[PDB]
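Here is the structure we will look at.
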Amino acid sequence: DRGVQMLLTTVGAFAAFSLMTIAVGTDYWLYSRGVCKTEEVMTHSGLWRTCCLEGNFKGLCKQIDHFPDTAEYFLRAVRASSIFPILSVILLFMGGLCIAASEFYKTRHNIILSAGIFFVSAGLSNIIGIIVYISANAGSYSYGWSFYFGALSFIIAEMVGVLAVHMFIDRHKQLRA
Amino acid sequence: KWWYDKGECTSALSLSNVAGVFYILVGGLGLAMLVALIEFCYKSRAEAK
Amino acid sequence: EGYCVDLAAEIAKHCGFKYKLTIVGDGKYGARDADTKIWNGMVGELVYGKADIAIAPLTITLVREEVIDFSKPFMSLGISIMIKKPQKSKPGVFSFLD
Amino acid sequence: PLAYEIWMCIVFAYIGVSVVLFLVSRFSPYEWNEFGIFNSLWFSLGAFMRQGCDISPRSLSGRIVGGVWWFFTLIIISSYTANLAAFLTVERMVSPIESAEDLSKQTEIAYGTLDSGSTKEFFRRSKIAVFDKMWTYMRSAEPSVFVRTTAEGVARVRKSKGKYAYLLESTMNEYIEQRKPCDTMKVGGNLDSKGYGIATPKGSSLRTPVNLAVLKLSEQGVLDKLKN
Amino acid sequence: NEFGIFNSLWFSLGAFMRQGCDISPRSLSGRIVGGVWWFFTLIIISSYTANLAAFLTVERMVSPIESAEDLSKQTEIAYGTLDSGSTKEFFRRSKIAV
Amino acid sequence: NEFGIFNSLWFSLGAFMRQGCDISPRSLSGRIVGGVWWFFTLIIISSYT
Ligand SMILES: CCCCCCCC/C=C/CCCCCCCC(=O)OC[C@H](O)CO
Ligand SMILES: CCCCCCCC/C=C/CCCCCCCC(=O)OC[C@H](O)CO
Ligand SMILES: CCCCCCCC/C=C\CCCCCCCC(=O)OC[C@H](O)CO
Ligand SMILES: CCCCCCCCCCCCCCCC(=O)O
């Protein structure tokens with residue numbers, strides 16, 4: 001049912017982009033038990049700031065110290081600059097931009113394919129980011145709602161990519177008629 | 001003063017033990033997408049005009 | 001400098017004497033050679049009168065108390081085991097080929 | 001056998017592989033590959049469970065996707081079986097409490113000392129943070145965590161299903177550990193170092209002879225023979 | 001549907017991952033090659049799983065040092081004392097079994 | 001053919017012995033049944049070994 005497909009894909013693109021951006025900006029990725037700004041108390045650590053709670057001076061927090069065998073150096077570099085979560089954000093943004101431009105300069109029916117490719121690639125970058133994040137954390141705990149916002153952005157991005165590719169296939173099917 | 005004031009100091013398998021296989025999988029998915037798009041661009045440019 | 005350097009200055013002030021710190025020549029604590037029966041280390045320096053007092057982590061033992069005098073303990077302790085930590089290993093990325 | 005993160009990332013990789021196989025198989029108008037999104041998901045699931053194929057990609061790119069998914073599946077299922085074999089071969093039971101620090105940081109397991117003794121006084125006067133924290137808890141715990149006799153503390157440990165730990169001298173602990181039903185265990189190192197002595201009234205005539213006798217029994221090895 | 005070079009490579013790869021075949025050889029020569037490759041694959045993948053299980057099982061029954069009793073009952077970890085000292089004498093004279 | 005009672009018993013037996021398929025369900029309900037049976041088979045055979 002074309003028409004409602006466009007609304008569903010646009011809503012999905014916006015939802016995935018918003019969720020991934022909130023996940024990156026927010027810092028509730030890991031409920032560890034460590035030191036706040038320089039006693040061990042809980043903390044809502046994130047991608048950038050290991051932030052404190054239930055402590056003497058809860059709410060005051062700092063920037064995670066990423067650095068204290070080139071393999072460890074490369075992984076620590078890739079996890080310090082969240083290149084993969086940030087690349088996921090950029091690719092979702094460009095996918096949404098292509099979907100929006102699919103109304104102007106219509107009849108190309110070759111940019112909506114680019115939207116599908118961008119959403120799929122955003123999902124792949126997101127999963128690599130999760131893997132590096134969890135692997136670097138291994139150098140009791142739990143995962144916060146920022147982690148699951150990233151994961152849900154991955155799922156919605158993959159669905160929106162499948163819809164975009166379906167719409168591209170349908171458009172070339174109409175053209176072939 | 002001399003000891004502490006100047007002190008300078010699971011069973012399941014973890015994702016780290018297998019992370020390499022995930023990296024290979026996602027790299028292979030990316031390579032597959034690149035190959036498919038290269039072939040599509042080749043065919044789309046090979047139409048007689 | 002050190003715990004015993006700080007303690008030596010204080011023992012000397014409270015006992016009213018001037019003193020000179022000297023490092024035991026053989027760098028040992030003190031044992032009686034089974035054979036020559038000579039005492040070495042800081043215990044030997046006191047037994048043969050090379051030193052007037054030893055201010056060090058010198059353990060009060062029966063065999064030493066038989067040949068030298070010891071104050072009441074200034075530090076309580078016991079033999080212990082020192083090990084290299086375990087140092088959790090980080091698995092390699094391509095460790096599934098091992 | 002596999003950490004929760006491995007399962008979660010297996011599910012993410014499943015969705016990603018299925019979507020990329022659907023995209024690559026049917027996106028170019030020149031291919032128009034029976035891999036729709038539903039059939040892509042079925043192929044990926046059946047590949048992971050090492051089950052029937054019934055359809056195999058024929059393109060170069062669909063074959064790259066299939067091949068890396070097959071490798072991933074082989075490694076992950078082999079490692080699940082290997083780690084389950086490891087779990088079943090050598091069983092190991094975890095002792096909730098490792099050291100005193102452990103007792104201090106938790107509250108599910110109660111712990112106490114002889115109601116009257118040098119152990120209770122050690123805690124009531126400790127200036128060490130962990131022991132002061134343990135004393136703060138023990139002196140205010142209700143019901144009382146203190147016992148009238150060592151045997152009472154041993155029985156409370158034995159009958160509390162692991163909800164009561166008992167602080168007592170290593171000597172008594174080591175002895176009870178060698179007593180049936182062999183259901184107790186000494187955990188961690190000693191919290192302090194001290195000694196038992198023969199006591200006499202202040203100024204007693206027996207003080208010097210009994211001090212010398214203890215040293216004689218010590219030096220002749222009698223005290224080690226009697227402990228053994 | 002027939003074994004050209006690309007289809008031959010796909011068949012071999014799929015046979016190695018135990019991932020079933022969309023087509024199998026039909027001639028005596030093709031079937032000899034397929035059967036031998038299937039045997040090779042079975043032995044190699046079984047051996048991979050068995051050796052990974054050995055690695056994890058052996059690494060799981062390891063145990064560290066927690067006491068002097070532990071040091072006494074083993075020999076992989078060496079242990080000693082200051083060559084001259086009250087610790088060495090404690091051990092040279094101990095009447096305690098461990 | 002399609003899954004009659006005899007063919008469904010054969011599909012299930014072949015799934016448990018990890019001996020692949022000659023047919024597989026094509027509908028959503030058949031595929032849910034097949035999926036849970038495949039998971040069950042994998043856990044049980046791995047646990048036996
Ligand atoms: C027609 C078929 C289409 C193609 C199908 C492809 C699927 C097969 C891929 C397998 C994994 C390959 C990657 C193996 C990993 C290599 C990593 C490595 O060599 O690690 C070095 C290590 O650090 C020590 O030197
Ligand atoms: C295309 C058709 C699709 C077919 C679909 C076939 C289904 C295959 C998978 C089944 C297992 C999934 C259930 C896994 C449940 C895990 C249990 C759990 O959640 O763990 C509990 C808790 O986390 C710990 O205490
Ligand atoms: C229908 C056509 C099918 C064609 C057939 C395909 C091949 C069969 C598969 C494997 C053969 C394995 C051969 C095993 C050789 C064993 C060697 C051996 O036994 O030597 C050990 C020695 O006895 C110790 O002292
Ligand atoms: C091929 C895709 C699906 C395969 C089946 C995988 C099962 C997924 C389970 C996910 C949740 C696992 C939770 C385990 C952790 C725990 O017990 O705390």
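Labels for the structure tokens follow display order: chains A, B, ..., residues from 1 in each chain, ligands from 1.
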Please identify all residues of chain B having at least one atom at most 9 Å from any atom of chain A, considering only C-alpha atoms, and return them as a short mmCIF file (atom, residue, chain, number, x, y, z; two decimals) with C-alpha atoms, in the first residue's frame.
data_model
loop_
_atom_site.label_atom_id
_atom_site.label_comp_id
_atom_site.auth_asym_id
_atom_site.auth_seq_id
_atom_site.Cartn_x
_atom_site.Cartn_y
_atom_site.Cartn_z
CA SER B 14 32.71 -13.84 26.81
CA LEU B 15 32.15 -11.75 23.70
CA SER B 16 35.89 -11.00 23.70
CA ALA B 19 34.71 -10.89 18.79
CA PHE B 22 31.82 -10.94 14.49
CA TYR B 23 34.30 -8.55 12.87
CA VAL B 26 30.31 -7.67 9.38
CA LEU B 29 28.50 -8.24 4.75
CA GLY B 30 30.05 -4.92 3.76
CA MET B 33 27.14 -5.05 -0.49
#
Residues of chain F within 7 Å of chain D, counting only C-alpha atoms, as a PDB file with C-alpha atoms, in the first residue's frame:
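Written out: iface15.pdb:
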ATOM      1  CA  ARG F  18      20.562 -33.296  12.056  1.00  0.00           C
ATOM      2  CA  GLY F  20      19.004 -32.006   6.707  1.00  0.00           C
ATOM      3  CA  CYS F  21      15.849 -31.741   4.666  1.00  0.00           C
ATOM      4  CA  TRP F  38      15.568 -27.033  15.208  1.00  0.00           C
ATOM      5  CA  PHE F  39      16.551 -25.100  18.348  1.00  0.00           C
ATOM      6  CA  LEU F  42      20.606 -28.269  18.571  1.00  0.00           C
ATOM      7  CA  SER F  46      25.121 -30.567  21.830  1.00  0.00           C
TER       8      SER F  46
END
At most 12 Å is the cut-off: for each residue in chain B with any atom that close to an atom of chain E, write down the nearest atom pair and the distance in Å rounded to one decimal, counting only C-alpha atoms, chain first then increasing number, as a tab-separated table.
residue	atom	partner	partner_atom	distance
B:10	CA	E:60	CA	10.3
B:11	CA	E:60	CA	8.0
B:12	CA	E:56	CA	10.3
B:13	CA	E:56	CA	9.5
B:17	CA	E:56	CA	11.5
Go ahead and write the selection's residues with N, CA and C atoms as a CSV table (one decimal), in the first residue's frame.
chain,number,residue,atom,x,y,z
B,10,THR,N,34.6,-15.2,35.3
B,10,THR,CA,33.3,-16.0,35.1
B,10,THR,C,33.6,-17.2,34.3
B,11,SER,N,32.6,-18.1,34.3
B,11,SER,CA,32.8,-19.4,33.6
B,11,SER,C,32.3,-19.4,32.2
B,12,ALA,N,31.2,-18.7,31.9
B,12,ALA,CA,30.7,-18.6,30.5
B,12,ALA,C,31.8,-18.0,29.6
B,13,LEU,N,31.5,-18.1,28.3
B,13,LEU,CA,32.4,-17.6,27.3
B,13,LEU,C,32.0,-16.2,27.0
B,17,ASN,N,36.1,-13.4,23.6
B,17,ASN,CA,36.7,-14.7,23.1
B,17,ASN,C,36.3,-14.9,21.6
- Top pick for closest residue to ligand 1, considering B:46, B:9, B:32, B:38 and counting only C-alpha atoms and all ligand atoms: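 Result for the nearest residue to ligand 1: B:32.
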Which residues of chain D come within 12 Å of ligand 2, and for each one, what is the closest pair of atoms and their distance in Å to one decimal, counting only C-alpha atoms and all ligand atoms, sorted by chain and residue number, as CSV?
residue,atom,partner,partner_atom_place_in_ligand_line,distance
D:3,CA,ligand 2,23 (O),11.0
D:4,CA,ligand 2,23 (O),8.0
D:5,CA,ligand 2,23 (O),11.2
D:7,CA,ligand 2,16 (C),9.1
D:8,CA,ligand 2,19 (O),10.2
D:10,CA,ligand 2,9 (C),11.5
D:11,CA,ligand 2,12 (C),9.7
D:14,CA,ligand 2,1 (C),11.2
D:15,CA,ligand 2,1 (C),10.9
D:18,CA,ligand 2,1 (C),10.3
D:36,CA,ligand 2,1 (C),11.4
D:37,CA,ligand 2,1 (C),9.3
D:38,CA,ligand 2,1 (C),6.2
D:39,CA,ligand 2,1 (C),7.5
D:40,CA,ligand 2,1 (C),8.5
D:41,CA,ligand 2,1 (C),5.4
D:42,CA,ligand 2,1 (C),4.8
D:43,CA,ligand 2,1 (C),8.5
D:44,CA,ligand 2,1 (C),8.9
D:45,CA,ligand 2,1 (C),7.2
D:46,CA,ligand 2,4 (C),9.2
D:47,CA,ligand 2,8 (C),11.8
D:48,CA,ligand 2,8 (C),10.0
D:49,CA,ligand 2,8 (C),8.9
- What is the distance between atom CA of residue A:94 and atom CA of residue A:115, in Å to one decimal?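 Result for atom CA of residue A:94 versus atom CA of residue A:115: 7.6 Å, one decimal.
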With the cut-off set at 10 Å and counting only C-alpha atoms and all ligand atoms, tabulate each residue of chain C with an atom at most that distance from an atom of ligand 1, showing the nearest atom pair and its distance in Å to one decimal, ordered by chain and increasing number, as JSON lines.
{"residue": "C:92", "atom": "CA", "partner": "ligand 1", "partner_atom_place_in_ligand_line": "23 (O)", "distance": 8.1}
{"residue": "C:93", "atom": "CA", "partner": "ligand 1", "partner_atom_place_in_ligand_line": "23 (O)", "distance": 7.5}
{"residue": "C:94", "atom": "CA", "partner": "ligand 1", "partner_atom_place_in_ligand_line": "20 (O)", "distance": 5.4}
{"residue": "C:95", "atom": "CA", "partner": "ligand 1", "partner_atom_place_in_ligand_line": "22 (C)", "distance": 8.0}
{"residue": "C:96", "atom": "CA", "partner": "ligand 1", "partner_atom_place_in_ligand_line": "15 (C)", "distance": 9.3}
{"residue": "C:97", "atom": "CA", "partner": "ligand 1", "partner_atom_place_in_ligand_line": "20 (O)", "distance": 7.8}
{"residue": "C:98", "atom": "CA", "partner": "ligand 1", "partner_atom_place_in_ligand_line": "24 (C)", "distance": 9.2}
So that I have them on file, write out the residues from the current selection with C-alpha atoms, as a JSON list (two decimals), in the first residue's frame.
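As a result, result-v9.json now contains:
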[["chain", "number", "residue", "atom", "x", "y", "z"],
["C", 92, "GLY", "CA", 43.20, -11.97, 21.14],
["C", 93, "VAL", "CA", 40.73, -10.91, 18.49],
["C", 94, "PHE", "CA", 41.42, -13.90, 16.21],
["C", 95, "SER", "CA", 41.68, -16.29, 19.14],
["C", 96, "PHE", "CA", 39.03, -18.59, 17.65],
["C", 97, "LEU", "CA", 41.82, -19.99, 15.45],
["C", 98, "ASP", "CA", 43.82, -21.17, 18.50]]
Write out as an mmCIF file with N, CA and C atoms, in the first residue's frame the residues lying within 10 Å of residue A:55, counting only C-alpha atoms and excluding same-chain residues fewer than 5 positions away.
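Saved to result.cif:
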data_model
loop_
_atom_site.group_PDB
_atom_site.id
_atom_site.type_symbol
_atom_site.label_atom_id
_atom_site.label_comp_id
_atom_site.auth_asym_id
_atom_site.auth_seq_id
_atom_site.Cartn_x
_atom_site.Cartn_y
_atom_site.Cartn_z
ATOM 1 N N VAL A 35 34.748 4.654 40.713
ATOM 2 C CA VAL A 35 35.055 5.956 41.344
ATOM 3 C C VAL A 35 34.428 7.086 40.543
ATOM 4 N N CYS A 36 33.854 8.044 41.250
ATOM 5 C CA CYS A 36 33.313 9.248 40.586
ATOM 6 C C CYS A 36 34.497 10.185 40.336
ATOM 7 N N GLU A 39 36.656 5.467 47.926
ATOM 8 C CA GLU A 39 35.241 5.022 48.041
ATOM 9 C C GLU A 39 34.733 4.576 46.671
ATOM 10 N N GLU A 40 34.100 3.408 46.622
ATOM 11 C CA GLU A 40 33.525 2.921 45.348
ATOM 12 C C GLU A 40 32.009 2.970 45.458
ATOM 13 N N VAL A 41 31.395 3.743 44.569
ATOM 14 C CA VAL A 41 29.914 3.814 44.542
ATOM 15 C C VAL A 41 29.441 3.524 43.125
ATOM 16 N N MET A 42 28.152 3.268 42.983
ATOM 17 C CA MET A 42 27.584 2.990 41.653
ATOM 18 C C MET A 42 27.866 4.166 40.711
ATOM 19 N N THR A 43 27.629 3.965 39.426
ATOM 20 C CA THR A 43 27.863 5.058 38.463
ATOM 21 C C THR A 43 27.032 4.790 37.217
ATOM 22 N N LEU A 60 28.169 14.820 40.404
ATOM 23 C CA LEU A 60 29.392 15.495 39.908
ATOM 24 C C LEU A 60 30.209 14.438 39.195
#
- Message: Residues contacting ligand 3 - anything with an atom at most 6 Å away, using only C-alpha atoms and all ligand atoms - can you give me those as a PyMOL selection string?
- Response: chain E and resi 31-32+35-36+39
Output N, CA and C atoms for every residue in that selection, as a PDB file, in the first residue's frame.
ATOM      1  N   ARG E  31      32.229 -38.114  -7.356  1.00  0.00           N
ATOM      2  CA  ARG E  31      31.793 -38.681  -6.068  1.00  0.00           C
ATOM      3  C   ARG E  31      32.993 -39.111  -5.238  1.00  0.00           C
ATOM      4  N   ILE E  32      34.062 -39.577  -5.855  1.00  0.00           N
ATOM      5  CA  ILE E  32      35.286 -39.897  -5.080  1.00  0.00           C
ATOM      6  C   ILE E  32      35.815 -38.612  -4.453  1.00  0.00           C
ATOM      7  N   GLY E  35      33.483 -37.464  -1.630  1.00  0.00           N
ATOM      8  CA  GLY E  35      33.515 -38.310  -0.430  1.00  0.00           C
ATOM      9  C   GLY E  35      34.769 -38.064   0.361  1.00  0.00           C
ATOM     10  N   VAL E  36      35.880 -37.958  -0.322  1.00  0.00           N
ATOM     11  CA  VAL E  36      37.156 -37.736   0.377  1.00  0.00           C
ATOM     12  C   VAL E  36      37.147 -36.362   1.046  1.00  0.00           C
ATOM     13  N   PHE E  39      35.081 -36.605   4.215  1.00  0.00           N
ATOM     14  CA  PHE E  39      35.833 -37.240   5.309  1.00  0.00           C
ATOM     15  C   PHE E  39      36.805 -36.242   5.918  1.00  0.00           C
TER      16      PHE E  39
END
- Just the residues within 12 Å of stretch 41-47 of chain E, please, counting only C-alpha atoms, with nothing from its chain fewer than 5 positions along; format it as a ChimeraX atom specification. /D:71,74-75,77-79,81-82 /E:12-19,34-36,52-54 /F:49
Please produce an output containing C-alpha atoms for each residue in the selection, written as an mmCIF file, in the first residue's frame.
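The result, stored in again.cif:
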data_model
loop_
_atom_site.group_PDB
_atom_site.id
_atom_site.type_symbol
_atom_site.label_atom_id
_atom_site.label_comp_id
_atom_site.auth_asym_id
_atom_site.auth_seq_id
_atom_site.Cartn_x
_atom_site.Cartn_y
_atom_site.Cartn_z
ATOM 1 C CA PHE D 71 31.717 -19.666 9.184
ATOM 2 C CA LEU D 74 30.381 -23.155 12.787
ATOM 3 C CA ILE D 75 32.596 -21.251 15.230
ATOM 4 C CA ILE D 77 28.118 -23.734 17.757
ATOM 5 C CA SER D 78 31.480 -25.480 18.196
ATOM 6 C CA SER D 79 32.350 -23.086 21.023
ATOM 7 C CA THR D 81 29.514 -27.399 22.709
ATOM 8 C CA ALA D 82 33.125 -27.072 23.893
ATOM 9 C CA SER E 12 33.759 -27.270 -1.458
ATOM 10 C CA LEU E 13 33.201 -24.287 0.861
ATOM 11 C CA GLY E 14 29.730 -25.431 1.804
ATOM 12 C CA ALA E 15 30.920 -28.978 2.440
ATOM 13 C CA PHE E 16 33.590 -27.659 4.806
ATOM 14 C CA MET E 17 31.112 -25.643 6.908
ATOM 15 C CA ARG E 18 28.809 -28.751 7.021
ATOM 16 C CA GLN E 19 26.216 -26.465 5.463
ATOM 17 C CA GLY E 34 33.294 -35.339 -2.777
ATOM 18 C CA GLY E 35 33.515 -38.310 -0.430
ATOM 19 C CA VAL E 36 37.156 -37.736 0.377
ATOM 20 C CA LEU E 52 38.691 -26.257 22.049
ATOM 21 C CA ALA E 53 36.950 -28.352 24.728
ATOM 22 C CA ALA E 54 40.363 -29.530 25.942
ATOM 23 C CA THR F 49 28.043 -34.811 23.081
#
